[PDB]
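Student: Got a structure here, written out as structure tokens. Questions coming.
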Amino acid sequence: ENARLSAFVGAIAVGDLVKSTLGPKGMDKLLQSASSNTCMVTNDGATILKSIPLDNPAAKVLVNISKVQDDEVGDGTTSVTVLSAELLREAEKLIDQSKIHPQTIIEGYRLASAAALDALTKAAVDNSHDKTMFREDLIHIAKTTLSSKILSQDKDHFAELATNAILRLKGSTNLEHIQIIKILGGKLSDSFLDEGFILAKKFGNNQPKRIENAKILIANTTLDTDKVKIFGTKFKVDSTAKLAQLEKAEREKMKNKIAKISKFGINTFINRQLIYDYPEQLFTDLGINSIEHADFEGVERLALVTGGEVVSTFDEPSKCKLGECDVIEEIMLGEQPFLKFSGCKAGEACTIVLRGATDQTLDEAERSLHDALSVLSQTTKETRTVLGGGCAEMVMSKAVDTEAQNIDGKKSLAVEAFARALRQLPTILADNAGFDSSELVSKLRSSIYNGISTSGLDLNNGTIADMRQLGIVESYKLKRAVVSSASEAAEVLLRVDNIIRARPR
Amino acid sequence: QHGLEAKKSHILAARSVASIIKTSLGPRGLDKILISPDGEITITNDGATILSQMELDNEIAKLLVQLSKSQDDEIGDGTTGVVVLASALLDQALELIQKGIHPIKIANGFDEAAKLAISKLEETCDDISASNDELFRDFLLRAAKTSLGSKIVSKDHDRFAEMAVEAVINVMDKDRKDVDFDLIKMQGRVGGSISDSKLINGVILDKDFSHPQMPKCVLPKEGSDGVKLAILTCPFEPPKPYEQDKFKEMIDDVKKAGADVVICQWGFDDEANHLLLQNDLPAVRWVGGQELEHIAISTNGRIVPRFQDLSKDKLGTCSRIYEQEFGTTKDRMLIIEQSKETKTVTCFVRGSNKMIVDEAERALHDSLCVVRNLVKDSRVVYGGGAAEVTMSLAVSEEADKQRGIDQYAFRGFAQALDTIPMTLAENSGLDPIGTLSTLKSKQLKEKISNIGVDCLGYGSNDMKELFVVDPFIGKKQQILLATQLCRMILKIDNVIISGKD
Amino acid sequence: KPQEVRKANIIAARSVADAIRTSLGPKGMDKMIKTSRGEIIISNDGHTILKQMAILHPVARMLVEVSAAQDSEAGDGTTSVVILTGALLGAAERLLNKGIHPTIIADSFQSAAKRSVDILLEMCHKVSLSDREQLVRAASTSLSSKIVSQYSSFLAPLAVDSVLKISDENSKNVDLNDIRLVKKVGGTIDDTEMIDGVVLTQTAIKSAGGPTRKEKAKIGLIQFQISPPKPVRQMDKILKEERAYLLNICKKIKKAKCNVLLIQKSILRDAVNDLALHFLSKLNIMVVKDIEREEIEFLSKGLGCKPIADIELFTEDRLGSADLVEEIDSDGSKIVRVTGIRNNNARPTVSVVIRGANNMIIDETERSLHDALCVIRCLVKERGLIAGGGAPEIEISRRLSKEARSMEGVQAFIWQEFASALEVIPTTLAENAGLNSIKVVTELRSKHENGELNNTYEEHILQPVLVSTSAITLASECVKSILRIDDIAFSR
Amino acid sequence: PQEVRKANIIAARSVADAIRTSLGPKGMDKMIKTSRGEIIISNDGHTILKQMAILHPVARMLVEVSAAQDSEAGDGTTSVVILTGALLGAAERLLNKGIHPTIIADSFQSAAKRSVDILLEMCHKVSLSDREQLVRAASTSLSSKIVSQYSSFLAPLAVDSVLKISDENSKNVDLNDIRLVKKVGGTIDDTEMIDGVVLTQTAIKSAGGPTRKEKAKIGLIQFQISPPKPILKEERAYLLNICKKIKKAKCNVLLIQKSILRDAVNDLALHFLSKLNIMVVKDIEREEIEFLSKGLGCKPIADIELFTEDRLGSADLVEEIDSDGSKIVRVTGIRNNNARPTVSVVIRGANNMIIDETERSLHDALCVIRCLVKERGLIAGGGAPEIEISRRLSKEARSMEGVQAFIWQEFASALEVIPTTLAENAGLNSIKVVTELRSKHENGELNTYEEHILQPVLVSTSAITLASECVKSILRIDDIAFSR
């Protein structure tokens with residue numbers, strides 16, 4: 001009974017110290033010791049929480065949350081605890097007059113956070129305007145990162161491949177969308193950018209090397225010689241020919257798994273393990289080509305470019321997520337066959353093939369390319385801001401109200417409670433500003449409700465003004481960092497039905 | 001304590017401990033923070049770790065730790081299942097005492113009720129190899145996905161599902177079906193990510209091969225037989241009841257026998273690394289006595305007591321030895337594999353944080369115990385709460401045909417099995433009473449099947465479409481230990497606690 | 001904590017049910033209660049215990065109203081209805097811990113009570129009132145619990161023949177308040193006079209001039225009293241005023257053709273003056289005074305007459321009809337009997353006369369024959385009879401346990417707890433008899449599977465079906481009225 | 001949160017009201033008895049607040065404000081505490097009206113910037129080129145000290161020292177370069193500027209020491225002349241190489257830092273240095289280590305190998321002035337173009353109580369003159385600048401709007417506390433004197449000029465600026481927690 005109070009009400013008192021310190025006009029706190037002459041006055045939230053000894057065993061959970069946020073960026077650490085405190089404050093009404101399962105409330109936050117991030121993306125602005133000057137400066141920055149690296153030999157050709165590897169993505173800039181192949185017997189100057197998804201291994205023997213109107217399906221199973229370790233078994237049979245009957249009976253059962261594949265109408269199959277000749281020979285009449293040695297990234301990255309799924313099982317026939325590609329071409333370079341795909345539907349990715357003269361040049365070029373692409377990918381999350389001053393906080397409340405329309409009975413009060421915590425951010429910022437927070441937040445919701453999505457709250461004039469004319473913006477990367485940190489921190493706390501005090505070190 | 005006192009207190013003492021783990025039961029439960037006194041910090045929902053950390057003076061809850069210690073070797077994942085099931089039997093046993101039934105009748109009454117329910121579950125059980133052979137691979141892959149869904153491992157779970165399949169098979173035989181936990185090594189280090197984790201078929205020893213000039217990869221040396229390793233049970237030092245001359249005599253026995261690497265229990269001097277550097281013969285130092293057995297078994301080696309007893313037959317042979325740099329860690333450990341099936345398997349998992357490594361280590365180790373029970377019995381049953389509902393309806397229906405005093409002991413056993421689906425229904429956000437009546441109605445008028453409580457959000461019954469199966473030997477081991485525990489509790493009518501001096 | 005206030009009343013209600021539980025059956029444990037006035041009484045009757053218990057608990061007083069209706073309707077089971085009421089309260093404790101609202105608990109009792117009646121009627125053997133051999137053996141077994149045994153054989157047809165005359169057909173509820181047991185000093189048990197017309201509680205005039213007998217008389221009900229006014233030529237002046245006041249009342253009596261009149265008993269002033277008896281003696285008018293106030297409402301029903309407050313409104317239509325009015329005294333009784341009323345609105349109200357020497361005779365006989373009329377009353381309203389001793393309660397718990405799977409939701413679990421709440425009645429009967437509690441209960445489920453209602457029939461134990469039906473019906477409303485109270489406050 | 005702030009305001013108001021009685025020379029002095037038994041008596045607000053050992057965390061901020069008050073302006077340490085408490089007393093009714101402290105805090109900073117321009121318009125513009133107002137400024141400031149006739153002689157000494165180091169755009173000048181060396185003996189009439197440098201101690205009084213040298217180099221050396229400390233010729237051989245390495249750089253002035261660890265110069269080394277006429281001055285305090293490294297442009301030298309010629313200064317003539325109980329060594333013509341010449345004046349007198357209070361009196365005289373360096377002009381004290389600001393804010397308060405309009409009314413009322421206290425400490429009626437000053441305000445403005453009472457503008461300017469941020473930071477802390 002007291003575990004819920006210490007995890008909810010007890011966690012508010014921890015966030016109350018950083019509640020009034022948010023913002024440049026926010027208040028300050030005092031840290032006093034026994035001697036009282038060592039004290040100091042500062043607005044830093046991370047210093048106050050770590051300096052004050054906390055006897056509350058549930059308060060130590062929020063300590064590790066601030067440490068993860070500080071690694072990403074040193075700004076917004078205070079806003080993480082404040083936003084997480086508003087979700088725990090409204091959790092009291094989620095119990096007494098609600099009686100809703102806590103995990104269902106957490107699952108409602110994932111549906112609300114999905115619409116909140118999409119609402120901020122459409123309203124996000126950037127300084128990338130006049131890209132002619134912006135795109136030209138991208139190649140000069142990549143050349144500066146080439147110092148001490150073997151790629152410094154040619155700055156123009158090597159940095160040009162890294163420039164087109166970023167802007168042409170039109171999506172997530174993470175390295176998971178970039179494929180790197182290490183090969184031998186060539187020069188680094190011959191490297192080029194190709195989106196055909198080139199991998200080392202080949203597939204098939206008598207099958208043709210060109211496929212038109214291909215249908216790609218991704219699955220993971222072993223259809224050939226399961227139980228790879230035969231040591232220890234005991235085969236009791238009356239004759240030698242009777243021992244092979246069990247292996248022949250498994251071949252007849254393979255038609256059940258092949259029938260589900262043939263009903264999908266796919267000419268291309270993906271397999272991590274090998275395939276026996278008999279199920280492979282039956283694929284010749286159906287024209288099914290199986291690709292082997294897909295590793296892990298090759299399984300996930302193929303589903304991203306072709307719009308597939310990573311599930312290895314079939315839950316129901318004629319229902320699944322299928323991809324496709326126009327042409328599959330197999331070429332040979334460097335005395336090894338290569339696989340170059342063509343015509344992938346909505347395919348967005350790039351593959352930089354590094355051809356070195358030895359193994360030492362391949363490992364140094366791959367590690368140096370990731371550092372060069374990290375700086376170019378950082379420019380997407382840097383300098384890009386959004387309209388602040390209550391604007392972005394209120395816009396997220398509109399996307400939550402959209403999901404609050406069509407909802408079940410359990411998550412109805414959970415999604416609606418999340419919209420109240422979003423309006424608490426401009427309320428607290430207006431508290432230390434010296435003005436009335438209830439009047440500014442109320443008039444802000446009615447204005448953005450119908451039209452005028454760029455409006456915000458002005459701290460100087462204490463009224464609603466255009467944020468584009470005032471020029472008050474906040475970083476978009478900071479918005480996602482706080483929401484992602486608050487979603488993971490509140491996910492553990494709401495699931496707590498009891499508190500186990502940690503052992504002191 | 002007396003009869004009118006302790007018998008009433010033993011029931012209330014078990015309900016306080018059982019009610020703590022009822023919230024953490026299932027994948028939707030709570031992950032608790034626990035810190036061992038040795039300095040290890042990890043977060044897991046495993047009941048065997050949570051119950052082991054419980055320190056209390058009540059003798060009723062101490063039997064839970066004693067039972068979970070022996071159950072950890074057999075299964076280890078059924079700790080939360082047995083405690084809740086055993087506490088359900090004590091709840092119905094309290095009412096039988098007030099009716100004038102001796103407590104020994106309750107202990108002997110559950111023995112006939114447990115054995116009768118086993119034969120009823122076997123009739124409705126299905127077999128894997130006797131039905132579909134190609135689905136045997138998918139059964140082992142999706143078994144670990146349920147336990148790993150509550151952890152960060154659930155993102156990469158597709159690749160890690162195959163690693164747990166080969167780790168169990170290597171240490172067991174198809175006919176014998178014997179798996180030892182001491183043969184499966186669970187290790188991990190800080191740094192890197194989980195995507196670089198690979199399976200190791202041999203020991204590790206965390207050796208950097210001393211001076212870096214030594215080759216990091218062992219060559220086959222013109223098609224030789226494996227890679228010969230030396231095992232020495234004697235320390236490196238000159239014989240005592242000239243020191244450089246004795247060093248040249250001991251290295252000759254290694255070169256003549258063909259041992260590439262030398263493993264010893266005691267440290268080496270600085271001159272030893274100078275002579276071994278010219279011959280490209282890496283050395284191994286500070287190896288425990290327990291780890292010496294796993295090397296000779298996997299590499300097919302022998303224990304050589306003396307210096308001159310070396311020979312090609314007593315040297316352990318492996319596939320190859322290579323030193324692969326892992327991230328920025330300066331340890332630069334080794335990986336020793338083997339072509340043939342060995343008895344030693346070492347799991348190697350990396351993580352960006354120390355708490356992440358220990359979180360995924362015990363989560364992956366629990367997946368090895370689930371696969372261990374699946375390969376022990378080819379026949380599996382549908383779990384998720386369907387096993388407790390089906391076995392309860394068989395005992396409750398046959399209770400009317402069995403007369404005598406045990407007639408009421410059978411009704412209490414059927415109602416005690418309903419505690420599991422009602423507990424999981426509360427953790428899933430459903431009515432525990434409404435779901436229990438719903439599962440019994442669908443299995444009676446419609447058709448006989450196994451439908452349990454929904455672990456994931458869905459709109460209706462019949463989880464059989466999701467192909468969620470549990471091992472028969474795993475579920476049978478839980479009801480046997482829960483029945484034996486309930487009998488042992490009734491055999492202690494007095495609590496004797498001595499004072500302190 | 002609105003429910004914890006009700007939970008405190010449930011625990012206090014279970015303590016009262018457990019106290020009465022030990023008194024069930026003839027072998028039950030008696031309860032000693034010392035009143036504040038100093039009276040010390042003891043008995044095994046649950047209705048008398050709760051009446052003098054003076055319960056100050058507001059919810060616990062509901063058992064008194066149910067026990068009062070239990071004896072007024074069925075007449076038997078006042079102790080068993082308290083045990084059945086406490087059984088549902090004990091099972092409702094585990095229901096509140098699961099988050100079940102008492103409305104579903106109360107609504108499910110309505111469907112459970114109506115279902116238990118239909119199941120009981122299927123195994124019950126329907127009997128008819130045309131067979132007099134069944135009613136004699138039914139009332140004779142109820143008289144075996146009293147000291148009178150060999151003399152109870154003649155009392156069996158006495159209670160049977162009285163009900164069959166007023167039973168008719170489709171009578172539904174039959175009020176037994178019209179049947180009064182007359183207790184007089186003298187006589188014996190074997191001496192009884194039915195006197196189906198009516199029987200009064202008082203004697204006749206022992207003075208001179210009283211006719212004491214009249215043929216073709218009309219008996220009216222007059223609450224007035226003839227007395228001299230009670231708010232020494234002077235002597236005769238008072239006599240002329242008193243005799244004129246007494247004669248003017250008698251003038252309207254002769255014109256109304258009133259042979260027999262009644263006078264309400266008043267201890268304050270004089271009832272009937274001696275001069276008034278001599279005035280009506282010449283007119284051949286019988287006078288019966290000192291009529292008890294309790295019998296005023298009784299005679300206003302069976303006789304079909306109406307009370308006359310004022311002589312001005314007194315008419316002939318308010319009188320009665322009697323063919324013969326005589327005074328027959330066996331020994332010392334001096335009682336007047338009336339036969340052949342033949343009233344259209346009124347019915348044949350029969351008053352049973354009981355004679356005895358010692359005071360303990362007419363007393364114990366009154367309570368013995370009163371319960372015998374209640375058992376016969378149960379057969380009139382609801383036909384059929386079952387074997388007592390908790391035999392049908394075992395099979396009902398077995399059928400409802402299997403039919404509980406047909407339901408769905410929270411209500412399905414209530415049927416399982418309702419079957420266990422019905423097993424407390426047969427368990428208590430085995431405990432109060434010295435037999436092993438759990439051992440006898442297990443033997444009930446074993447034997448009732450193969451056989452049906454099979455031995456109490458050889459032991460002549462017959463419980464009417466209306467008692468077992470009303471016990472479940474009244475308990476469903478009693479437990480409902482409990483859980484529906486969520487709080488209580490001072491109101492005045 | 002008000003329970004934390006209101007408890008701190010009331011606690012700080014009682015401290016400000018207690019120091020308020022100490023304003024002026026006629027004010028009520030406060031006594032503080034330390035636990036060790038020491039009792040001090042004085043009207044200085046910086047001394048009272050330092051030895052009071054205040055346990056209130058917010059009230060301790062007045063010590064830092066009083067420290068910066070004397071370091072910047074040099075006067076008004078008591079007045080800045082009164083103005084701080086005046087704003088806290090008027091803020092009690094502000095919280096009762098529902099006013100958020102942000103508007104209260106932001107209005108104090110906006111009013112402090114506007115109050116400066118009001119004082120500059122009413123102030124008289126003066127320049128540092130005229131020595132008429134500069135001499136009379138330091139002469140009248142010494143009327144509060146025992147010195148009377150000698151105050152006119154030290155007036156041109158303080159004026160000529162500041163004007164040389166003030167320049168134009170230098171603005172703030174470090175006061176650490178001004179060191180007054182006091183010694184018993186002599187008198188006030190004997191003064192020497194000695195712009196080169198002045199040490200804190202005498203020279204070697206032993207036999208053989210030249211004590212005077214011409215054209216010598218001065219440098220900081222942390223080494224010490226001692227025998228071997230992990231036979232006569234062995235110790236002299238170890239000391240021979242020490243004096244030989246010094247001769248390589250031609251350093252005739254050896255300054256050894258005072259340390260109780262070992263000795264300074266051995267007696268055997270005195271005969272070696274007597275032939276080369278190398279003067280040595282020992283007992284150099286640790287505070288003078290940083291002082292000598294600035295004006296002389298030298299560097300501290302820890303070891304004998306670190307000693308080089310490039311780190312040595314230049315001294316035209318180094319001699320020991322003969323005086324009773326003094327023996328002061330002077331250095332002239334350091335010839336340092338990059339660093340400005342330091343100002344160090346030797347204070348002499350017969351009684352120990354003379355050279356003590358004289359050193360403190362000259363510190364306040366140099367600060368008032370330094371106030372004209374940052375901002376020229378002066379405003380006569382006695383409540384004139386406090387009342388003049390309230391006169392302009394009367395009509396300006398009506399031009400505001402919102403919550404801030406009421407703050408300007410209470411801001412002018414809090415400024416009247418300073419002239420009210422000055423009238424109370426003089427025995428005159430508080431309100432009666434203030435009304436007479438506002439009555440003549442229609443004609444007279446700054447008129448005290450005939451009484452030779454002058455005050456710099458920086459004192460009145462810094463008192464408002466420091467008190468504005470002080471009270472601003474008080475309302476920022478809404479809670480007090482224990483952190484260790």
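The way I read the labels, and the way they are meant: chains A, B, ... in the order of the structure tokens, residue 1 as the first residue of every chain, and ligand 1 as the first ligand shown, with later ones counted on from there.
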Excluding residue 497 (chain A) and residues on its chain fewer than 3 positions from it, collect all residues at most 7 Å away from it, counting only C-alpha atoms, and give them as a VMD selection string.

Tutor: (chain A and resid 3 to 4) or (chain B and resid 23)

Student: Would you list the contacts of region 102-119 of chain D as a PyMOL selection string, taking every protein, DNA or RNA residue within 7 Å and counting only C-alpha atoms, but skipping same-chain residues closer than 6 positions in sequence?

Tutor: (chain A and resi 432-434) or (chain D and resi 389+404+461+464-465+468+472)

Student: Produce a file of the selected residues containing N, CA and C atoms, as an mmCIF file, in the first residue's frame.

Tutor:
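Final output, saved to result_2.cif:
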data_model
loop_
_atom_site.group_PDB
_atom_site.id
_atom_site.type_symbol
_atom_site.label_atom_id
_atom_site.label_comp_id
_atom_site.auth_asym_id
_atom_site.auth_seq_id
_atom_site.Cartn_x
_atom_site.Cartn_y
_atom_site.Cartn_z
ATOM 1 N N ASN A 432 7.452 30.358 -13.114
ATOM 2 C CA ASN A 432 8.603 31.165 -12.735
ATOM 3 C C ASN A 432 8.756 32.417 -13.586
ATOM 4 N N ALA A 433 7.960 32.565 -14.645
ATOM 5 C CA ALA A 433 7.996 33.767 -15.465
ATOM 6 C C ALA A 433 7.288 34.948 -14.815
ATOM 7 N N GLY A 434 6.522 34.718 -13.753
ATOM 8 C CA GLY A 434 5.831 35.783 -13.059
ATOM 9 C C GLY A 434 4.433 36.078 -13.548
ATOM 10 N N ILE D 389 16.048 60.725 -5.982
ATOM 11 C CA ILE D 389 15.527 59.652 -6.822
ATOM 12 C C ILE D 389 14.027 59.489 -6.611
ATOM 13 N N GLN D 404 3.955 45.981 -12.259
ATOM 14 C CA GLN D 404 5.171 46.761 -12.069
ATOM 15 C C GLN D 404 4.888 48.204 -11.672
ATOM 16 N N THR D 461 25.918 54.417 -6.395
ATOM 17 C CA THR D 461 25.565 53.580 -7.537
ATOM 18 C C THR D 461 25.712 52.099 -7.204
ATOM 19 N N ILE D 464 22.970 50.538 -4.787
ATOM 20 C CA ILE D 464 21.702 50.153 -5.396
ATOM 21 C C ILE D 464 21.870 48.898 -6.244
ATOM 22 N N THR D 465 22.996 48.784 -6.953
ATOM 23 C CA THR D 465 23.210 47.637 -7.830
ATOM 24 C C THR D 465 23.401 46.354 -7.029
ATOM 25 N N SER D 468 20.192 45.288 -5.353
ATOM 26 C CA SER D 468 19.187 44.813 -6.298
ATOM 27 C C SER D 468 19.375 43.329 -6.596
ATOM 28 N N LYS D 472 17.262 39.995 -5.227
ATOM 29 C CA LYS D 472 16.860 39.165 -6.358
ATOM 30 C C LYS D 472 17.221 37.703 -6.128
#

Student: Report as an mmCIF file with N, CA, C and O atoms, in the first residue's frame all protein, DNA and RNA residues lying within 10 Å of residue 439 (chain B), evaluated on only C-alpha atoms, omitting residues in the same chain fewer than 6 positions from it.

Tutor:
data_model
loop_
_atom_site.group_PDB
_atom_site.id
_atom_site.type_symbol
_atom_site.label_atom_id
_atom_site.label_comp_id
_atom_site.auth_asym_id
_atom_site.auth_seq_id
_atom_site.Cartn_x
_atom_site.Cartn_y
_atom_site.Cartn_z
ATOM 1 N N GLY B 385 -1.447 -21.010 -19.155
ATOM 2 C CA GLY B 385 -2.623 -21.145 -18.319
ATOM 3 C C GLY B 385 -3.561 -22.256 -18.735
ATOM 4 O O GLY B 385 -4.508 -22.552 -17.996
ATOM 5 N N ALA B 386 -3.330 -22.882 -19.891
ATOM 6 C CA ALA B 386 -4.209 -23.950 -20.352
ATOM 7 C C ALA B 386 -3.940 -25.267 -19.636
ATOM 8 O O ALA B 386 -4.837 -26.112 -19.548
ATOM 9 N N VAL B 389 -6.003 -25.282 -16.287
ATOM 10 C CA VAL B 389 -7.450 -25.355 -16.458
ATOM 11 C C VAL B 389 -7.874 -26.754 -16.890
ATOM 12 O O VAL B 389 -8.878 -27.288 -16.404
ATOM 13 N N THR B 390 -7.120 -27.371 -17.802
ATOM 14 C CA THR B 390 -7.473 -28.705 -18.276
ATOM 15 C C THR B 390 -7.318 -29.745 -17.171
ATOM 16 O O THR B 390 -8.187 -30.606 -16.995
ATOM 17 N N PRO B 421 -4.249 -19.484 -13.457
ATOM 18 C CA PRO B 421 -4.874 -18.649 -14.494
ATOM 19 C C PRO B 421 -5.499 -17.377 -13.948
ATOM 20 O O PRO B 421 -5.574 -16.380 -14.677
ATOM 21 N N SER B 449 -10.013 -28.757 -25.814
ATOM 22 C CA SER B 449 -8.776 -28.164 -26.306
ATOM 23 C C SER B 449 -8.085 -27.470 -25.139
ATOM 24 O O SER B 449 -8.583 -27.465 -24.010
ATOM 25 N N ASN B 450 -6.926 -26.881 -25.423
ATOM 26 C CA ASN B 450 -6.127 -26.177 -24.425
ATOM 27 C C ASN B 450 -6.091 -24.698 -24.787
ATOM 28 O O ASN B 450 -5.476 -24.314 -25.789
ATOM 29 N N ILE B 451 -6.747 -23.873 -23.975
ATOM 30 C CA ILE B 451 -6.770 -22.426 -24.160
ATOM 31 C C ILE B 451 -6.451 -21.781 -22.820
ATOM 32 O O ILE B 451 -7.207 -21.941 -21.854
ATOM 33 N N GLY B 452 -5.333 -21.055 -22.759
ATOM 34 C CA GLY B 452 -4.877 -20.426 -21.544
ATOM 35 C C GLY B 452 -5.089 -18.919 -21.531
ATOM 36 O O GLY B 452 -5.692 -18.328 -22.424
ATOM 37 N N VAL B 453 -4.569 -18.304 -20.468
ATOM 38 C CA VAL B 453 -4.643 -16.856 -20.320
ATOM 39 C C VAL B 453 -3.746 -16.195 -21.358
ATOM 40 O O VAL B 453 -2.653 -16.688 -21.669
ATOM 41 N N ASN B 461 -10.213 -16.027 -27.505
ATOM 42 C CA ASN B 461 -9.554 -17.215 -26.986
ATOM 43 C C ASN B 461 -8.778 -17.917 -28.101
ATOM 44 O O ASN B 461 -8.517 -17.347 -29.164
ATOM 45 N N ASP B 462 -8.385 -19.168 -27.846
ATOM 46 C CA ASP B 462 -7.698 -20.031 -28.808
ATOM 47 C C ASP B 462 -6.332 -19.451 -29.193
ATOM 48 O O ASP B 462 -6.100 -18.977 -30.308
ATOM 49 N N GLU C 408 -21.597 -18.116 -17.152
ATOM 50 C CA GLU C 408 -20.389 -17.441 -17.602
ATOM 51 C C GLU C 408 -20.226 -16.144 -16.824
ATOM 52 O O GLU C 408 -21.210 -15.495 -16.458
#

Student: Which residues of chain C sit at most 9 Å from chain B, using only C-alpha atoms? Give each one's shortest atom pair and distance in Å (one decimal place), in chain and ascending residue order, as a tab-separated table.

Tutor:
residue	atom	partner	partner_atom	distance
C:98	CA	B:433	CA	8.4
C:398	CA	B:400	CA	8.9
C:402	CA	B:397	CA	8.6
C:405	CA	B:441	CA	6.3
C:406	CA	B:441	CA	6.8
C:407	CA	B:437	CA	7.6
C:408	CA	B:437	CA	5.5
C:409	CA	B:434	CA	4.0
C:410	CA	B:434	CA	5.3
C:411	CA	B:434	CA	8.6
C:412	CA	B:437	CA	6.6
C:413	CA	B:433	CA	7.2
C:436	CA	B:100	CA	8.1
C:437	CA	B:100	CA	6.7
C:438	CA	B:99	CA	6.1
C:439	CA	B:405	CA	7.3
C:442	CA	B:404	CA	6.1
C:443	CA	B:404	CA	7.4
C:445	CA	B:403	CA	8.1
C:446	CA	B:403	CA	6.2

Student: Which of region 164-376 of chain D end up as strand (DSSP E or B) when DSSP is run on this backbone - answer as an NGL selection string?

Tutor: :D and (178 or 181-185 or 197-198 or 213-216 or 218-221 or 253-257 or 279-284 or 301 or 315-321 or 328-332 or 343 or 346-349)

Student: Neighbours of region 213-215 of chain D within 8 Å (only C-alpha atoms; same-chain residues fewer than 6 positions away dropped), as a list in words?

Tutor: residues 252, 277, 278, 279, 314, 315, 316, 317, 318 and 319 of chain D

Student: Any idea what the distance is between CA of residue 368 (chain B) and CA of residue 144 (chain B)?

Tutor: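 For CA of residue 368 (chain B) relative to CA of residue 144 (chain B), the distance reads 8.3 Å.
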
Student: Using 7 Å as the limit and counting only C-alpha atoms, can you tabulate each residue of chain D that touches chain A, with its shortest atom-to-atom distance in Å and the two atoms involved, as a Markdown table?

Tutor:
| residue | atom | partner | partner_atom | distance |
| --- | --- | --- | --- | --- |
| D:100 | CA | A:434 | CA | 5.0 |
| D:101 | CA | A:434 | CA | 6.7 |
| D:102 | CA | A:434 | CA | 4.8 |
| D:103 | CA | A:434 | CA | 5.6 |
| D:476 | CA | A:27 | CA | 4.7 |
| D:477 | CA | A:28 | CA | 4.9 |
| D:478 | CA | A:29 | CA | 6.8 |
| D:479 | CA | A:29 | CA | 6.2 |
| D:480 | CA | A:30 | CA | 5.4 |
| D:481 | CA | A:31 | CA | 6.0 |
| D:482 | CA | A:32 | CA | 4.9 |
| D:483 | CA | A:52 | CA | 4.4 |
| D:484 | CA | A:33 | CA | 4.9 |

Student: For the residues selected in the previous step, produce a file with C-alpha atoms as a compact mmCIF listing (two decimals), in the first residue's frame.

Tutor:
# COMPACT_ATOMS: atom_id res chain seq x y z
CA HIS D 100 5.06 36.46 -8.20
CA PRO D 101 8.70 37.16 -7.19
CA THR D 102 9.84 37.19 -10.84
CA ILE D 103 8.15 40.56 -11.40
CA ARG D 476 15.22 32.57 -6.03
CA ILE D 477 15.64 29.96 -3.28
CA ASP D 478 12.21 28.60 -2.31
CA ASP D 479 13.46 25.59 -0.32
CA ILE D 480 16.35 24.58 1.94
CA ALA D 481 17.52 20.96 2.12
CA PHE D 482 20.38 19.15 3.83
CA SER D 483 23.04 17.96 1.37
CA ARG D 484 26.29 16.31 2.47
